[PDB]
Every structure is written in C-alpha cells, then in structure tokens.
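Have a look at input.json; it's JSON, C-alpha atoms:
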[["chain", "number", "residue", "atom", "x", "y", "z"],
["A", 1, "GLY", "CA", 42.69, 107.61, 64.49],
["A", 2, "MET", "CA", 40.76, 104.35, 64.90],
["A", 3, "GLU", "CA", 40.84, 103.68, 68.67],
["A", 4, "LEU", "CA", 37.07, 103.98, 69.33],
["A", 5, "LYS", "CA", 36.17, 101.81, 66.24],
["A", 6, "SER", "CA", 38.76, 99.20, 67.35],
["A", 7, "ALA", "CA", 37.25, 99.15, 70.84],
["A", 8, "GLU", "CA", 33.75, 98.62, 69.34],
["A", 9, "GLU", "CA", 35.07, 95.82, 67.11],
["A", 10, "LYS", "CA", 36.91, 94.14, 70.00],
["A", 11, "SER", "CA", 33.69, 94.13, 72.09],
["A", 12, "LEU", "CA", 31.56, 92.55, 69.26],
["A", 13, "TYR", "CA", 34.37, 90.09, 68.60],
["A", 14, "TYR", "CA", 34.38, 88.89, 72.22],
["A", 15, "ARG", "CA", 30.56, 88.86, 72.45],
["A", 16, "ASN", "CA", 30.51, 86.53, 69.38],
["A", 17, "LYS", "CA", 33.27, 84.34, 70.90],
["A", 18, "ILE", "CA", 31.09, 83.62, 73.94],
["A", 19, "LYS", "CA", 28.36, 82.33, 71.57],
["A", 20, "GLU", "CA", 30.99, 80.15, 69.81],
["A", 21, "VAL", "CA", 32.21, 78.81, 73.20],
["A", 22, "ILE", "CA", 28.66, 77.79, 74.19],
["A", 23, "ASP", "CA", 28.13, 76.09, 70.81],
["A", 24, "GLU", "CA", 31.41, 74.13, 71.10],
["A", 25, "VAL", "CA", 30.58, 73.00, 74.66],
["A", 26, "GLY", "CA", 27.22, 71.69, 73.32],
["A", 27, "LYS", "CA", 28.95, 69.10, 71.12],
["A", 28, "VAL", "CA", 29.81, 67.19, 74.33],
["A", 29, "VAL", "CA", 27.30, 68.61, 76.90],
["A", 30, "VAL", "CA", 23.42, 68.39, 76.96],
["A", 31, "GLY", "CA", 20.46, 70.18, 78.88],
["A", 32, "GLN", "CA", 22.69, 72.43, 80.99],
["A", 33, "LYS", "CA", 22.47, 76.04, 79.76],
["A", 34, "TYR", "CA", 21.98, 77.31, 83.31],
["A", 35, "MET", "CA", 25.11, 75.66, 84.75],
["A", 36, "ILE", "CA", 27.33, 76.69, 81.85],
["A", 37, "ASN", "CA", 26.07, 80.27, 81.93],
["A", 38, "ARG", "CA", 26.93, 80.50, 85.69],
["A", 39, "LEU", "CA", 30.36, 78.90, 85.17],
["A", 40, "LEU", "CA", 31.04, 81.47, 82.46],
["A", 41, "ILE", "CA", 29.93, 84.38, 84.62],
["A", 42, "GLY", "CA", 32.29, 83.00, 87.32],
["A", 43, "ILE", "CA", 35.40, 82.67, 85.20],
["A", 44, "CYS", "CA", 34.85, 86.04, 83.49],
["A", 45, "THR", "CA", 34.16, 87.99, 86.76],
["A", 46, "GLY", "CA", 36.67, 86.21, 89.01],
["A", 47, "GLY", "CA", 34.03, 84.88, 91.38],
["A", 48, "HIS", "CA", 33.84, 81.42, 92.97],
["A", 49, "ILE", "CA", 30.84, 79.10, 93.11],
["A", 50, "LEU", "CA", 29.57, 76.80, 95.80],
["A", 51, "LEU", "CA", 27.38, 73.86, 94.66],
["A", 52, "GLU", "CA", 25.02, 72.01, 97.02],
["A", 53, "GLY", "CA", 25.16, 68.33, 95.92],
["A", 54, "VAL", "CA", 28.12, 66.41, 94.31],
["A", 55, "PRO", "CA", 28.10, 66.96, 90.46],
["A", 56, "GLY", "CA", 27.44, 63.85, 88.36],
["A", 57, "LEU", "CA", 29.12, 62.77, 85.11],
["A", 58, "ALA", "CA", 27.13, 65.24, 82.96],
["A", 59, "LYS", "CA", 28.05, 68.26, 85.23],
["A", 60, "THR", "CA", 31.77, 67.38, 85.65],
["A", 61, "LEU", "CA", 32.03, 66.68, 81.89],
["A", 62, "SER", "CA", 30.47, 70.13, 81.44],
["A", 63, "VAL", "CA", 33.21, 71.76, 83.59],
["A", 64, "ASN", "CA", 36.12, 69.94, 81.89],
["A", 65, "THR", "CA", 34.65, 70.65, 78.41],
["A", 66, "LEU", "CA", 34.18, 74.38, 79.14],
["A", 67, "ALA", "CA", 37.79, 74.59, 80.36],
["A", 68, "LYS", "CA", 39.05, 72.96, 77.12],
["A", 69, "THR", "CA", 37.04, 75.32, 74.90],
["A", 70, "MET", "CA", 38.55, 78.32, 76.81],
["A", 71, "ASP", "CA", 42.28, 77.20, 76.89],
["A", 72, "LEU", "CA", 42.10, 76.88, 80.71],
["A", 73, "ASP", "CA", 43.72, 74.21, 82.93],
["A", 74, "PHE", "CA", 41.28, 72.12, 85.04],
["A", 75, "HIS", "CA", 42.11, 70.14, 88.23],
["A", 76, "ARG", "CA", 39.73, 68.13, 90.42],
["A", 77, "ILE", "CA", 40.78, 67.95, 94.10],
["A", 78, "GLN", "CA", 39.03, 65.27, 96.14],
["A", 79, "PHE", "CA", 38.66, 66.65, 99.71],
["A", 80, "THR", "CA", 39.15, 63.92, 102.33],
["A", 81, "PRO", "CA", 39.47, 63.88, 106.16],
["A", 82, "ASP", "CA", 43.26, 63.26, 105.99],
["A", 83, "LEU", "CA", 43.90, 66.08, 103.49],
["A", 84, "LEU", "CA", 46.41, 68.60, 104.87],
["A", 85, "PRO", "CA", 46.47, 72.31, 104.08],
["A", 86, "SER", "CA", 49.92, 71.73, 102.53],
["A", 87, "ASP", "CA", 48.47, 69.04, 100.17],
["A", 88, "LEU", "CA", 46.38, 71.82, 98.45],
["A", 89, "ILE", "CA", 49.29, 74.25, 98.08],
["A", 90, "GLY", "CA", 52.24, 71.98, 97.13],
["A", 91, "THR", "CA", 53.16, 68.50, 95.79],
["A", 92, "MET", "CA", 56.32, 66.68, 96.89],
["A", 93, "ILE", "CA", 58.06, 65.22, 93.84],
["A", 94, "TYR", "CA", 61.46, 63.73, 93.10],
["A", 95, "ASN", "CA", 63.07, 65.93, 90.43],
["A", 96, "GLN", "CA", 65.29, 63.55, 88.40],
["A", 97, "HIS", "CA", 67.36, 66.41, 86.84],
["A", 98, "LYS", "CA", 68.28, 67.90, 90.25],
["A", 99, "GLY", "CA", 68.42, 64.49, 92.05],
["A", 100, "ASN", "CA", 66.61, 65.59, 95.23],
["A", 101, "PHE", "CA", 63.11, 65.96, 96.73],
["A", 102, "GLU", "CA", 61.42, 69.35, 96.16],
["A", 103, "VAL", "CA", 57.89, 70.78, 96.49],
["A", 104, "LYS", "CA", 56.35, 72.00, 93.23],
["A", 105, "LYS", "CA", 53.21, 74.06, 92.85],
["A", 106, "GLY", "CA", 50.30, 72.01, 94.24],
["A", 107, "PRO", "CA", 46.84, 71.23, 92.83],
["A", 108, "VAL", "CA", 45.33, 74.68, 93.55],
["A", 109, "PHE", "CA", 47.55, 76.17, 90.82],
["A", 110, "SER", "CA", 45.04, 75.71, 88.02],
["A", 111, "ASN", "CA", 42.40, 77.88, 86.38],
["A", 112, "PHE", "CA", 39.30, 75.80, 87.17],
["A", 113, "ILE", "CA", 39.47, 73.94, 90.46],
["A", 114, "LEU", "CA", 36.70, 71.47, 91.31],
["A", 115, "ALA", "CA", 37.04, 71.24, 95.08],
["A", 116, "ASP", "CA", 34.86, 68.16, 95.57],
["A", 117, "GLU", "CA", 33.15, 67.53, 98.90],
["A", 118, "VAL", "CA", 34.93, 70.30, 100.84],
["A", 119, "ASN", "CA", 32.77, 69.30, 103.80],
["A", 120, "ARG", "CA", 34.82, 66.02, 104.05],
["A", 121, "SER", "CA", 38.00, 67.87, 105.17],
["A", 122, "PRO", "CA", 38.77, 69.60, 108.50],
["A", 123, "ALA", "CA", 38.09, 73.33, 108.93],
["A", 124, "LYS", "CA", 41.83, 74.15, 108.63],
["A", 125, "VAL", "CA", 41.88, 72.69, 105.11],
["A", 126, "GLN", "CA", 38.72, 74.62, 104.24],
["A", 127, "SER", "CA", 40.42, 77.78, 105.60],
["A", 128, "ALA", "CA", 43.44, 77.10, 103.35],
["A", 129, "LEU", "CA", 41.16, 76.93, 100.28],
["A", 130, "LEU", "CA", 39.34, 80.13, 101.22],
["A", 131, "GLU", "CA", 42.71, 81.90, 101.83],
["A", 132, "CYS", "CA", 43.73, 81.07, 98.21],
["A", 133, "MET", "CA", 40.41, 82.44, 96.98],
["A", 134, "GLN", "CA", 40.76, 85.59, 99.08],
["A", 135, "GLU", "CA", 44.51, 86.34, 98.69],
["A", 136, "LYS", "CA", 45.11, 84.93, 95.13],
["A", 137, "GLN", "CA", 48.63, 83.84, 96.30],
["A", 138, "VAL", "CA", 50.28, 81.33, 98.63],
["A", 139, "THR", "CA", 53.74, 80.76, 100.17],
["A", 140, "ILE", "CA", 55.38, 77.46, 99.27],
["A", 141, "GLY", "CA", 57.65, 77.40, 102.34],
["A", 142, "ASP", "CA", 59.95, 80.39, 101.73],
["A", 143, "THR", "CA", 58.84, 82.30, 98.59],
["A", 144, "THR", "CA", 55.29, 83.46, 97.71],
["A", 145, "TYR", "CA", 53.72, 82.54, 94.36],
["A", 146, "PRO", "CA", 50.61, 84.15, 92.88],
["A", 147, "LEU", "CA", 47.79, 81.80, 91.76],
["A", 148, "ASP", "CA", 46.94, 81.63, 88.03],
["A", 149, "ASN", "CA", 44.71, 84.19, 86.37],
["A", 150, "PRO", "CA", 41.81, 83.45, 85.83],
["A", 151, "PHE", "CA", 41.18, 81.28, 88.89],
["A", 152, "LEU", "CA", 37.74, 79.77, 89.66],
["A", 153, "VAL", "CA", 37.04, 77.48, 92.59],
["A", 154, "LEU", "CA", 33.92, 75.39, 92.15],
["A", 155, "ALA", "CA", 33.49, 73.92, 95.64],
["A", 156, "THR", "CA", 30.90, 71.19, 96.20],
["A", 157, "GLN", "CA", 29.32, 69.97, 99.41],
["A", 158, "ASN", "CA", 27.36, 66.74, 99.83],
["A", 159, "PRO", "CA", 24.33, 67.71, 101.99],
["A", 160, "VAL", "CA", 23.51, 64.15, 103.23],
["A", 161, "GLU", "CA", 27.00, 62.96, 104.16],
["A", 162, "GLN", "CA", 26.23, 60.07, 106.59],
["A", 163, "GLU", "CA", 29.97, 59.84, 107.54],
["A", 164, "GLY", "CA", 32.14, 62.59, 109.17],
["A", 165, "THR", "CA", 31.22, 66.04, 107.85],
["A", 166, "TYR", "CA", 32.25, 69.64, 108.62],
["A", 167, "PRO", "CA", 29.89, 71.90, 106.59],
["A", 168, "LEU", "CA", 31.15, 75.38, 105.76],
["A", 169, "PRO", "CA", 29.81, 77.98, 108.20],
["A", 170, "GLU", "CA", 28.11, 81.13, 106.88],
["A", 171, "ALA", "CA", 31.03, 83.58, 107.23],
["A", 172, "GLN", "CA", 32.82, 81.14, 104.91],
["A", 173, "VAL", "CA", 29.96, 80.53, 102.43],
["A", 174, "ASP", "CA", 29.84, 84.40, 102.05],
["A", 175, "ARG", "CA", 33.18, 84.20, 100.16],
["A", 176, "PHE", "CA", 31.42, 82.51, 97.22],
["A", 177, "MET", "CA", 29.78, 84.76, 94.60],
["A", 178, "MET", "CA", 26.92, 82.26, 94.11],
["A", 179, "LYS", "CA", 25.50, 79.20, 95.78],
["A", 180, "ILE", "CA", 23.71, 76.83, 93.33],
["A", 181, "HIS", "CA", 21.56, 73.85, 94.34],
["A", 182, "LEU", "CA", 22.13, 70.92, 91.92],
["A", 183, "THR", "CA", 19.24, 68.99, 90.46],
["A", 184, "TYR", "CA", 19.01, 65.91, 88.22],
["A", 185, "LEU", "CA", 18.58, 66.31, 84.49],
["A", 186, "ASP", "CA", 15.24, 65.75, 82.86],
["A", 187, "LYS", "CA", 14.75, 62.29, 81.27],
["A", 188, "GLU", "CA", 15.24, 63.49, 77.68],
["A", 189, "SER", "CA", 18.57, 65.13, 78.51],
["A", 190, "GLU", "CA", 19.72, 62.10, 80.47],
["A", 191, "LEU", "CA", 18.83, 59.86, 77.56],
["A", 192, "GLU", "CA", 20.99, 61.97, 75.19],
["A", 193, "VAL", "CA", 23.93, 62.03, 77.68],
["A", 194, "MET", "CA", 23.76, 58.24, 77.97],
["A", 195, "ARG", "CA", 23.73, 57.95, 74.19],
["A", 196, "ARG", "CA", 26.78, 60.11, 73.74],
["A", 197, "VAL", "CA", 28.89, 58.94, 76.66],
["A", 198, "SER", "CA", 28.07, 55.22, 76.32],
["A", 199, "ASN", "CA", 29.74, 55.22, 72.91],
["A", 200, "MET", "CA", 33.29, 54.10, 73.61],
["A", 201, "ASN", "CA", 34.52, 56.03, 70.52],
["A", 202, "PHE", "CA", 32.80, 59.27, 71.50],
["A", 203, "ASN", "CA", 35.08, 62.21, 70.63],
["A", 204, "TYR", "CA", 35.54, 64.50, 73.66],
["A", 205, "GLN", "CA", 38.25, 66.67, 72.00],
["A", 206, "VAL", "CA", 36.68, 70.10, 71.51],
["A", 207, "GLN", "CA", 38.46, 72.97, 69.81],
["A", 208, "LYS", "CA", 39.95, 75.87, 71.79],
["A", 209, "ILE", "CA", 37.56, 78.73, 70.87],
["A", 210, "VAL", "CA", 39.37, 81.37, 72.95],
["A", 211, "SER", "CA", 42.90, 81.62, 74.44],
["A", 212, "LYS", "CA", 43.65, 82.23, 78.14],
["A", 213, "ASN", "CA", 44.54, 85.86, 77.13],
["A", 214, "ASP", "CA", 41.14, 86.27, 75.40],
["A", 215, "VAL", "CA", 39.47, 85.24, 78.67],
["A", 216, "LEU", "CA", 41.32, 88.09, 80.45],
["A", 217, "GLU", "CA", 40.25, 90.47, 77.63],
["A", 218, "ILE", "CA", 36.59, 89.35, 78.01],
["A", 219, "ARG", "CA", 36.80, 90.19, 81.75],
["A", 220, "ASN", "CA", 38.11, 93.67, 80.85],
["A", 221, "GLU", "CA", 35.28, 94.08, 78.27],
["A", 222, "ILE", "CA", 32.66, 93.16, 80.91],
["A", 223, "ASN", "CA", 34.25, 95.67, 83.30],
["A", 224, "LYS", "CA", 33.51, 98.46, 80.75],
["A", 225, "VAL", "CA", 29.75, 97.75, 80.66],
["A", 226, "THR", "CA", 27.92, 100.75, 82.11],
["A", 227, "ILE", "CA", 25.44, 100.77, 85.01],
["A", 228, "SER", "CA", 23.22, 103.78, 85.71],
["A", 229, "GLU", "CA", 23.15, 105.52, 89.08],
["A", 230, "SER", "CA", 19.53, 104.41, 89.37],
["A", 231, "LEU", "CA", 20.54, 100.72, 89.05],
["A", 232, "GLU", "CA", 23.58, 101.15, 91.31],
["A", 233, "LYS", "CA", 21.25, 102.56, 94.03],
["A", 234, "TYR", "CA", 18.82, 99.67, 93.34],
["A", 235, "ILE", "CA", 21.52, 97.12, 94.11],
["A", 236, "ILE", "CA", 22.26, 98.96, 97.39],
["A", 237, "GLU", "CA", 18.54, 99.03, 98.29],
["A", 238, "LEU", "CA", 18.11, 95.28, 97.63],
["A", 239, "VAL", "CA", 21.07, 94.57, 99.95],
["A", 240, "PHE", "CA", 19.71, 96.94, 102.62],
["A", 241, "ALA", "CA", 16.24, 95.30, 102.40],
["A", 242, "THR", "CA", 17.86, 92.05, 103.62],
["A", 243, "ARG", "CA", 19.36, 93.93, 106.65],
["A", 244, "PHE", "CA", 16.46, 96.21, 107.63],
["A", 245, "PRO", "CA", 13.40, 94.57, 106.07],
["A", 246, "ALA", "CA", 10.86, 96.15, 108.46],
["A", 247, "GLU", "CA", 11.97, 99.55, 107.15],
["A", 248, "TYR", "CA", 10.83, 98.47, 103.62],
["A", 249, "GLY", "CA", 7.40, 97.35, 104.97],
["A", 250, "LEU", "CA", 8.53, 93.70, 105.26],
["A", 251, "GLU", "CA", 7.74, 93.19, 109.00],
["A", 252, "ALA", "CA", 7.27, 89.42, 108.55],
["A", 253, "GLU", "CA", 10.68, 89.01, 106.94],
["A", 254, "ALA", "CA", 12.28, 90.90, 109.83],
["A", 255, "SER", "CA", 10.91, 88.07, 112.03],
["A", 256, "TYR", "CA", 12.47, 85.33, 109.84],
["A", 257, "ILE", "CA", 15.92, 86.84, 109.18],
["A", 258, "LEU", "CA", 18.77, 86.64, 111.74],
["A", 259, "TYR", "CA", 21.05, 88.81, 109.60],
["A", 260, "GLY", "CA", 21.31, 90.06, 106.03],
["A", 261, "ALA", "CA", 23.79, 90.26, 103.20],
["A", 262, "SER", "CA", 27.32, 91.61, 103.37],
["A", 263, "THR", "CA", 28.87, 94.23, 101.09],
["A", 264, "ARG", "CA", 30.17, 91.29, 99.00],
["A", 265, "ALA", "CA", 26.61, 90.78, 97.75],
["A", 266, "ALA", "CA", 26.54, 94.31, 96.33],
["A", 267, "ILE", "CA", 29.88, 93.87, 94.53],
["A", 268, "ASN", "CA", 28.83, 90.52, 93.04],
["A", 269, "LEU", "CA", 25.43, 91.88, 91.97],
["A", 270, "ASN", "CA", 27.26, 94.68, 90.15],
["A", 271, "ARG", "CA", 29.89, 92.55, 88.41],
["A", 272, "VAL", "CA", 27.41, 89.78, 87.56],
["A", 273, "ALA", "CA", 24.82, 92.24, 86.20],
["A", 274, "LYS", "CA", 27.51, 93.54, 83.83],
["A", 275, "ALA", "CA", 28.42, 90.00, 82.70],
["A", 276, "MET", "CA", 24.68, 89.26, 82.03],
["A", 277, "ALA", "CA", 24.41, 92.47, 80.00],
["A", 278, "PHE", "CA", 27.52, 91.53, 77.98],
["A", 279, "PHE", "CA", 26.19, 87.99, 77.40],
["A", 280, "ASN", "CA", 22.92, 89.55, 76.09],
["A", 281, "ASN", "CA", 24.88, 91.75, 73.63],
["A", 282, "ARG", "CA", 24.52, 95.02, 75.51],
["A", 283, "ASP", "CA", 27.13, 97.37, 76.98],
["A", 284, "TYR", "CA", 24.69, 98.77, 79.57],
["A", 285, "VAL", "CA", 22.86, 97.02, 82.45],
["A", 286, "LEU", "CA", 19.05, 96.61, 82.62],
["A", 287, "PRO", "CA", 17.04, 95.82, 85.75],
["A", 288, "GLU", "CA", 16.34, 92.27, 84.43],
["A", 289, "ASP", "CA", 20.13, 91.56, 84.50],
["A", 290, "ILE", "CA", 20.11, 92.19, 88.27],
["A", 291, "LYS", "CA", 16.85, 90.31, 88.94],
["A", 292, "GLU", "CA", 17.93, 87.20, 87.00],
["A", 293, "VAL", "CA", 20.91, 86.67, 89.33],
["A", 294, "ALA", "CA", 19.59, 87.99, 92.65],
["A", 295, "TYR", "CA", 18.62, 84.58, 94.04],
["A", 296, "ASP", "CA", 21.94, 82.93, 93.14],
["A", 297, "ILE", "CA", 23.90, 85.77, 94.78],
["A", 298, "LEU", "CA", 21.66, 86.30, 97.83],
["A", 299, "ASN", "CA", 20.29, 82.88, 98.82],
["A", 300, "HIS", "CA", 23.32, 81.95, 100.95],
["A", 301, "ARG", "CA", 23.85, 85.54, 102.27],
["A", 302, "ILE", "CA", 20.53, 85.84, 104.12],
["A", 303, "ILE", "CA", 20.75, 83.85, 107.37],
["A", 304, "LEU", "CA", 17.44, 82.74, 108.85],
["A", 305, "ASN", "CA", 16.76, 82.22, 112.53],
["A", 306, "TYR", "CA", 16.22, 78.71, 113.96],
["A", 307, "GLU", "CA", 12.42, 79.23, 114.23],
["A", 308, "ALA", "CA", 12.00, 80.33, 110.57],
["A", 309, "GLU", "CA", 13.96, 77.25, 109.36],
["A", 310, "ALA", "CA", 11.73, 74.87, 111.38],
["A", 311, "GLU", "CA", 8.59, 76.57, 109.98],
["A", 312, "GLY", "CA", 9.83, 75.82, 106.36],
["A", 313, "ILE", "CA", 10.70, 79.38, 105.33],
["A", 314, "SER", "CA", 13.18, 79.59, 102.43],
["A", 315, "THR", "CA", 15.50, 82.42, 101.42],
["A", 316, "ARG", "CA", 13.89, 81.94, 97.94],
["A", 317, "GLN", "CA", 10.51, 83.21, 99.14],
["A", 318, "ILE", "CA", 12.23, 86.09, 100.96],
["A", 319, "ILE", "CA", 14.26, 87.16, 97.89],
["A", 320, "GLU", "CA", 11.07, 87.00, 95.70],
["A", 321, "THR", "CA", 9.26, 89.23, 98.20],
["A", 322, "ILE", "CA", 12.12, 91.76, 98.27],
["A", 323, "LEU", "CA", 12.17, 91.83, 94.46],
["A", 324, "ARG", "CA", 8.42, 92.58, 94.40],
["A", 325, "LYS", "CA", 8.77, 95.36, 97.04],
["A", 326, "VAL", "CA", 11.96, 97.40, 96.29],
["A", 327, "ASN", "CA", 11.48, 100.16, 93.68],
["A", 328, "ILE", "CA", 13.91, 101.72, 91.20],
["A", 329, "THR", "CA", 14.40, 105.53, 91.24],
["A", 330, "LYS", "CA", 13.97, 107.10, 87.72]]
How does this structure look as structure tokens?
Amino acid sequence: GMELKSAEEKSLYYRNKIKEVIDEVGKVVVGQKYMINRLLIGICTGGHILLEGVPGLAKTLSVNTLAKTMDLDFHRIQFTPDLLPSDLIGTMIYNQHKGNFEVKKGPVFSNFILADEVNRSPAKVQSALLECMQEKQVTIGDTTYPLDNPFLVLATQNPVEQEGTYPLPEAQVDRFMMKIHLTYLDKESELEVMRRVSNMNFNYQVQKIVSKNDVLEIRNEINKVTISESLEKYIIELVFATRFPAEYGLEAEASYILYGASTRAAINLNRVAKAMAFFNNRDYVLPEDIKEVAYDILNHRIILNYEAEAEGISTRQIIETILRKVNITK
C-alpha cells in the first residue's frame, strides 16, 4: 500500500500551499505579516477574531485579498443602530422567476464576514451574530440552514465612538478566539500602499492558490499535529494561573484580577498551537508555538478589577509574568 506515504505527501503539499497563499497576498498587501498570519490561523481553526479599532484600507484590502487567494466568499456587514437581527440572517428580495417576495440567505452566509463596528448596533443584534458563531446555523423563518464552512467572523469595535455605542461585554468577547489591537502601519509600508493603490490601473485580481475544499483539508491536516502530554498540561497550567494566581506565587496578580480565563482559552491555545506548528513546517507542537499566541488568546479573557484598571495595569504585563513563572513538566 501507499496510504502513509500519501498522507505525508498531502501534508507537505498543504504546508507549501500556505507559503504560496502568503506570497500571492503580498502582490496586493504590504507590511502586514502579523495580521495575515492571524487571519489564516482563524480560517484554518474555525475561530473568530475581534479587532479593537476599525480596519483601514490596507487591512480591509488584506482581508478581501486573502479571501480571493483561498477561493472563499467575503462580505462586509456595516453594523448600525437600526440594524435588526433579521437583517443579518436574511435578505428580502423580489424573485422575478417566482413573481413574489421571498427571503434569501442573508449577509452572514459567507466564509469571511467583516462585522464592522459591532458596537454601533443594539445588544440583540450582537447576540444574533454571536448565536451564528456559536451554533453555525440559523432558521430563516420555518426551515434551518447551516452556515458555510469555513466561516470566520472578523468583528471590529471602534473604541472612541463619540456617538451611541454598546460595547460587547466580557461574556461575549470570550466567544472570540483572539482579540487584536490594531495599529497604524510604519511610514515605509504606508508609502508602498499609497504607491500601489493610488495607481488607478493597479491589478487587484490575485490567483486562487487553494480551493474551498483545500481549506477544509488544511484544517484536517492541522488537527493531526501532535501535542505532548507535557505541553497539554502546560496549557492547562497557564489557564489555571489566570484563575488562582496566588497559588503560583503571583500574589500581586491575584490583587489585580477579578476573574480568569474560561475553558475556551485552553481549547484555542491547543488548536492555535497546532496551526503555528503546521505553519512552521512541523507536525508536533513546541512550547514557542504556545507562547507566541498566548497574549492574543488570553488578553481579553483575564478581567481586571476596577482598581487595577485605574492604576494602569494591563493584561499584557500579567500574561508576560505568567509566562515567566509557569514551568513545563519533562
């Protein structure tokens, strides 16, 4: 037989395709390796991402370009105060063939969904979005339809919204795999973006490097990456250090933290560590795979008390301290 050799070849094939996807995205996008890597981890692991800040031209062009290179549909939904939960789920059209008014699958039926300024809509609309993320299906009136596979929600919140704003509470932000704080590009990158995009004949058509089916195969390949018992227990210890920090010798952190990270943090750390391993051409996880993504997975899952926030304490400093303190069992 040849089943083990074929499995080896399929894994190297898909590891090389990820390199080809990044290269193709780079023909349109500049100075954004970090964002693209996280978007890729998201779509391949099934996780959703929350961004703090509204993404500018270079970031939204990065999302639409990545989608094109991966044969995935992309829809941007502008969240507004008058948006209804039913506006997300269905769209009223006039079908000319049937000659009547019927509700077709709404904007959430896509692969990449940029949910822009989710804090501009009422909590019921936010709940509707999170229900889609959690249940992966919705009922258009009578019959239930599953959402597409893969499905990534990239939700953005504007932190300095001077008009009406309903920011997501922490039980809700815990449904996102990562929270990422957006920053401006450096001047050299911004110069190159301006150069490319200002050209009115700039070619934005990228080639499809992988099919939608290949994306689902890449997820299955990542799922096969191995993680030792030692590293599995390490993930659990990191999570428990956020809940009972005084028991790890972090008495100060116990004073800053109201409550720690849910079980979702452990699951994301595991799946994301495997994706990082796969993206670094390995089929086993290393401790550096876990440490590289700990802040992105944990920053929004550690809730600080009112007094710690006023004093200027950041979950970043807390996560760094935990990473310096928790040991791995050989």
Hey, which of A:66, A:44, A:313, A:322 ends up closest to residue A:246? Count only C-alpha atoms.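 When distances to residue A:246 are compared using only C-alpha atoms, the smallest one comes from A:322.
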Using atom CA of residue A:145 and atom CA of residue A:99 as the two end points, give the distance in Å to one decimal.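 Distance reported for this atom pair: 23.4 Å.
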Could you give me, as CSV, a per-residue list for stretch 41-114 of chain A showing, wherever an atom lies at most 9 Å from an atom of stretch 21-37 of chain A, the closest pair of atoms and their distance in Å to one decimal, using all atoms listed in the file and sorting by chain then residue number from low to high?
residue,atom,partner,partner_atom,distance
A:41,CA,A:37,CA,6.2
A:42,CA,A:37,CA,8.7
A:58,CA,A:29,CA,6.9
A:59,CA,A:35,CA,8.0
A:61,CA,A:29,CA,7.1
A:62,CA,A:29,CA,5.7
A:63,CA,A:36,CA,7.9
A:65,CA,A:25,CA,6.0
A:66,CA,A:25,CA,5.9
A:68,CA,A:25,CA,8.8
A:69,CA,A:21,CA,6.2
A:70,CA,A:21,CA,7.3
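The closest residue to residue A:219, picked from A:175, A:271, A:316, A:264 and counting all atoms listed in the file, is A:271.
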What does the distance from atom CA of residue A:108 to atom CA of residue A:92 come to in Å, to one decimal?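 Atom-to-atom, atom CA of residue A:108 to atom CA of residue A:92, that is 14.0 Å.
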